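# Structural description and commentary
These are the residues of each chain, in order.
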Amino acid sequence: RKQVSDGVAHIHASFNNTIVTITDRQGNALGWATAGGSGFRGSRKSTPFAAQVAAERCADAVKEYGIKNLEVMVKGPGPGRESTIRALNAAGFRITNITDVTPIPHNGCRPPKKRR
Amino acid sequence: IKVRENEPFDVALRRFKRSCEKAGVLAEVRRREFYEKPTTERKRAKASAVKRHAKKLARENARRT
Amino acid sequence: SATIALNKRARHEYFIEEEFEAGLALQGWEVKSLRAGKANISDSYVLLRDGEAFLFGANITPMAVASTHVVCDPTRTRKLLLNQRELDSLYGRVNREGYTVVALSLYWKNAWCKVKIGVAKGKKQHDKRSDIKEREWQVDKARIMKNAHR
RNA sequence: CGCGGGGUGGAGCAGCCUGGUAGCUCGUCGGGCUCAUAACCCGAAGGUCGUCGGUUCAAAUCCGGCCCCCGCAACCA
RNA sequence: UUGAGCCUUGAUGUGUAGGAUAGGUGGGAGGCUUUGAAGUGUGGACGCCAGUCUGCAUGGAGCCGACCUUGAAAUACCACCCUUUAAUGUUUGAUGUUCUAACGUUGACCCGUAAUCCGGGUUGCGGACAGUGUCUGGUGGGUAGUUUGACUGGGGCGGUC
RNA sequence: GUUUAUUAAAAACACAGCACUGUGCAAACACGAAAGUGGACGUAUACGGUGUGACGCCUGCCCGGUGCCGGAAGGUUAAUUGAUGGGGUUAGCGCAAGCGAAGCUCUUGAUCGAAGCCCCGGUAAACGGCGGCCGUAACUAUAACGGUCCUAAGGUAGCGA
RNA sequence: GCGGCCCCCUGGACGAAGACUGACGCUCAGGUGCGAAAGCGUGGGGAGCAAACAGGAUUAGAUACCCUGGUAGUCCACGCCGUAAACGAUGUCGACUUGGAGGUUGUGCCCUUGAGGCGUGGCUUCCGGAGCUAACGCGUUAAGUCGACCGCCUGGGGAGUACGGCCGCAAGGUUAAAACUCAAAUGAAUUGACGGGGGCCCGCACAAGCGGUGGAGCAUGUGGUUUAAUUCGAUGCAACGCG
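- For chain C, the name recorded in the PDB entry is SsrA-binding protein, with Escherichia coli as its organism.
- In its Sequence similarities (unreviewed entry) section, the UniProt record describing chain C reads: "Belongs to the SmpB family."

- As annotated in the PDB entry, chain A carries the name 30S ribosomal protein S11 and is attributed to Escherichia coli.
- Here is the UniProt Function comment for chain A, exactly as written: "Located on the platform of the 30S subunit, it bridges several disparate RNA helices of the 16S rRNA. Forms part of the Shine-Dalgarno cleft in the 70S ribosome."
- The record held by UniProt for chain A lists under Sequence similarities the comment "Belongs to the universal ribosomal protein uS11 family."

So this is what it looks like as structure tokens:
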């Protein structure tokens, strides 16, 4: 399990679900535990409290790897990005750095026209 | 956007995440390019914005405020 | 299952309150045509006089012809096998100028024709606009509600 | 023709083996739940383990059978 | 590398009693200890996490066996070693790579010779593949040899044997 | 233009054109046991096969079946490998039967195993396919319509004795 | 209509003082050229988006909105198509006619003598006097006041269609009626009404609590049925122990 005290928190938030996973410094993932991975399948899949449980569900089950510090990367908007960081503050992990890595294109790809 | 907020912060308060937009182009790039409605919707909103400051000049009446 | 053609359009036109599972008596050519043989159910109502509750609007024609000598008409007022408990109460709450008994669906109960019948009430068109508005009102309400979480 | 295994709650899957102190969930009902239902949450239920014998302190386990599901190459009366 | 095979070796297994991670069968009451003990700080092993295994050094020189409640008994000591994990060496396939040296060149050089034939070496690029032989599954109207009955108011069809 | 030399000269073939598909060069393919050739002393604006047939407007829906292409998990899966299981003969025992060592044989088939098919998808200028029932309009009539049966879809544009 | 930056070629605009030509001016039927997007032809390319198409939902039905794919197209180059609510719905040019509040780009003077002060031009926004108008509004870039010229209008529907012409590969484009029908169609403003338009208010209206109906027996009234009669009237809310 490499006993890696360091950690990297790749948090991908969407408007329907929150993707919570912890990878190493090189980005190889340890494990993923999402809001759809802790019940709440359907209406309640976009909730910061459901993102809170998903932040807890990935906080544990990686305890074999022995992580105490992490740098936080947040991608995409959604119910997360303002509550899982509070969950990670209360998870016991060191909040070393919070970096917003939401990708902003320079209007290269044309968006669709849905939801009329 | 990228900040450690020093060592003993214990709370994010990352105002630079919301300083740029945090949802502006993050919702602008979602859908409805439309190629002329952003031209249209920036006309009347700026028309309303000038009118809001034009109707801000309605204090000159007595009004018994 | 063994369901036959159903009057789904009656729900748009009528707002039926209470239902029944009364059985229907039918002739020998009707049973063969009932499983398959193009049975229709539109504009189904009743013509009670004393105990003569008849499924009125039911167009079922013989697919394979099994008619000889005497006549055989595809549309008939088929006699319904109604319970006596369900019979005396229809001297009351069906005679109210708008109240009627319609058949929502047709099916089988172990090779017996049991027809799901219900006491319709009938919508005027001024409240028909409200219900179509209400169905769109329920959908668009959560669309506003979901925008708080975007 | 004789080679490969498994048969267990209503259901589909494990514990058996590396012996003793049979569960899980699907379908059920019990409740919550609710302008209304439901999403979803829990409460409960069920086969002595295909059958019959033996070994064994101890057989659902292991071994003898028998039966069933099959899979298989055979298939020149 | 990856697994298997076995050598060596520890680890490895509390129906219920019960202080016991006591396996079975079994030979056994002295093993053993200062060629440094009871029992420490614990590491790690560990596990039905009950509690042992347990490196080292302080500790420093005693502990357990029949003995005891147990169906049973004591790893005090072991034998066959079952069980279970890894190391060790060993025979093997399978996979990944490197190399050139078999093998390929209808890449290049010159030579036989003046001859894109062919052969000689030089040399390059491939390279133990490819391709060939034997065996073998699959495909195969591309091709070959043949079959497709009789009765019957002619025959076909139907019907029959 | 070509053709049934010698009963059929055309509504046939060919044709320009379009499309599909294959082929990266020692090409596919073809002749050929094989050397080697054609392709081609050409190499994707090239060559082979197929479908249609100037041109103009165009060419719809359907992948169940068959065929082709792709996928690799699993099921089945030859040769090999022979583990195991059975027998024969018999050194010897049984002074009777009966047994049985070693060896050599016959027999058994686990283990090894790709392609293939089963499976998962794509493919119709791949082969081909493209339906029905009754009820319904304030003259009769007629159904725009609604319900129904099955299919992968139910023949679109256009045309039609 | 045109924007990541760079380079290459090229048009126009405006500012300054002078020099110069000496009415070369304005406008325009025809004609000529350009002209969004979609589309057509040809050779390409194709991430994403996306008609059509297919599937999934919704509905009574949904060949739509929604959801999942997805071709043409979008993209490059060569030509074609000359059509848009191609509109500030206001043609082109000159002149004259209260202002105020902004932006952009010049240029001149004085004090840059402290993010300056004052002039003078172009382009241009908003509000507005006179005036105009049917009103809304327009308003020194007029819809005010005139002058020059061209295009066009003549009730609504038929009808921008028919036939004919020419242009076009096609789609189509331009030119342009008649028969017949109707007594209205239309533009602005106004009062109410409604709004699945917005903002505020209050009420047992909801919430919040507590008691009931609807289940049961009898009592009363209505409908329905019967009768010789079971008089008649009251029957959304605002009838149904009402007259």
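## Things to note about a positive patch on the surface
- A contiguous patch of positive charge on the surface is contributed by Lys51(B), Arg52(B), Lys55(B) and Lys56(B).
- When you line up the elements, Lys56(B) lands in the segment after α3 (37-54).

## Concerning the pattern of salt bridges
- All told, the structure shown has twelve salt bridges over all chains when counted by the stated rule.
- The closest approach of N and O atoms between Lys22(B) and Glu82(A), which form a salt bridge, is 3.0 Å. Taken together, the residues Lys22(B) in the loop between α1 (15-20) and α2 (24-28) and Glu82(A) in the loop between β4 (69-75) and α2 (84-90) connect one chain to another.
- With its nearest N and O atoms 3.8 Å apart, the salt bridge here joins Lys116(C) to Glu21(C). Placement of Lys116(C) in strand β6 (residues 113-120) and of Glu21(C) in the loop between β1 (18-20) and β2 (23-24) is noted, with a sequence separation of 95 residues between them.

## Re the protein's contact with RNA strand G
- Taken together, 16 residues form the shell around RNA strand G, and within it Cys109(A), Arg110(A), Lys113(A), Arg115(A) and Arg116(A) come nearest.
- One nitrogen or oxygen atom from the main chain of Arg110(A) is found 3.0 Å from a sugar or linking oxygen belonging to RNA strand G.
- The separation between a phosphate oxygen of RNA strand G and a polar main-chain atom of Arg116(A) is 2.9 Å.
- For the surface near RNA strand G, the secondary structure elements donating two or more residues are α1 (9-13) and α4 (125-146) of chain C.
- A total of three residues in the surface near RNA strand G trace back to one element, the largest contributor, which is α4(C).
- Looking at side-chain class alone, the surface near RNA strand G contains four nonpolar, two polar and ten charged residues.

## As for the pairing of β6(C)
All names here are of chain C.
- Extensive coverage of β6 is indicated by the burial of six of its eight residues.
- Sheet topology places β1 next to β6; three bridges connect them, and they run antiparallel. Pairing of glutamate 18 across the sheet is with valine 119, part of β6.
- Bridge count for strand β5 (residues 100-108) against β6 is eight bridges, and the pairing is antiparallel. From the neighbouring strand, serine 105 faces β6, where its bridge partner is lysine 116.
- Where β5 folds back onto β6 in an antiparallel hairpin, the turn is made up of four residues, including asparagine 110, whose phi is positive at roughly 55°.

## Observations concerning the sheet that holds strand β1 (residues 8-13) of chain A
- Pairing is mixed across the open sheet formed by six strands, whose spatial order is β3(A)-β2(A)-β1(A)-β4(A)-β5(A)-β1(B). Here the strands that pair on one side only, and so sit at the sheet edges, are β3 (29-32) of chain A together with β1 (2-3) of chain B.
- Note: β1(A) against β4(A), five bridges, orientation parallel. Each bridged residue has a counterpart across the sheet, and for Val8(A) the counterpart in β4(A) is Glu71(A).

## Thoughts on the interface of chain B and chain A
- Facing 21 residues of chain B, the contacting portion of chain A comprises 24 residues.
- Buried area between chain B and chain A, summed over both chains or domains, comes out near 2000 Å², and the portion from carbon and sulfur atoms is 50%.
- Together, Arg14(B), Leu26(B) and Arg32(B) form the three largest contributors to the area buried by chain B at its contact with chain A, with a combined 28%.
- Remark: the boundary between chain B and chain A carries three salt bridges.
- The partner of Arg18(B) in a salt bridge is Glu82(A), with the nearest N and O atoms 3.5 Å apart.
- There are ten residue pairs in polar contact connecting chain B and chain A.
- Those elements giving two or more residues to the side of chain B that touches chain A turn out to be β1, α1 and α2 of chain B.
- A class-by-class count of the residues in the side of chain B that touches chain A yields eight nonpolar, no polar and 13 charged.
- Where strand β5 (residues 94-100) of chain A meets β1(B), two bridges bridge the pair, whose relative direction is antiparallel. Bridge pairing in β1(B) links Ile98(A) to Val3(B).

What counts, and where the lines are drawn
- Residues numbered from 1 in each chain as written, not as in the entry; some residues may be left out.
- Chains lettered and ligands numbered in written order.
- Part of a larger assembly, values for the part shown.
- Heavy atoms only, no water.
- UniProt positions renumbered as here; feature names shortened; annotations may be inferred.
- Patch = residues over 30% accessible without salt bridge, like charges linked within 9 Å, V, L, I, M, F, W, Y side chains within 5 Å.
- Areas by Shrake-Rupley, 256 points an atom, 1.4 Å probe, with all protein chains shown as cover.
- Salt bridge = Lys/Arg side-chain N within 4 Å of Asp/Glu carboxyl O.
- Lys, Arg positive; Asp, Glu negative; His and termini not counted.
- Charge placed at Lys NZ, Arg CZ, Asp CG, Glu CD.
- Helix = DSSP H or I, 4+ residues; strand = E, 2+ residues; numbered from the N terminus.
- Near = heavy atom within 4 Å.
- Polar contact = N/O pair within 3.5 Å; in protein donor to acceptor, adjacent residues only side chain to side chain.
- Nonpolar A, V, L, I, M, F, W, Y, C, P; charged D, E, K, R; others polar.
- Buried < 20%, exposed > 50% of the residue type's maximum accessible area, 1.4 Å probe, protein only.
- Pairing = 2+ DSSP bridges.
- Contact = heavy atoms within 4.5 Å.
- Buried area = accessible area lost by both parts, 1.4 Å probe.

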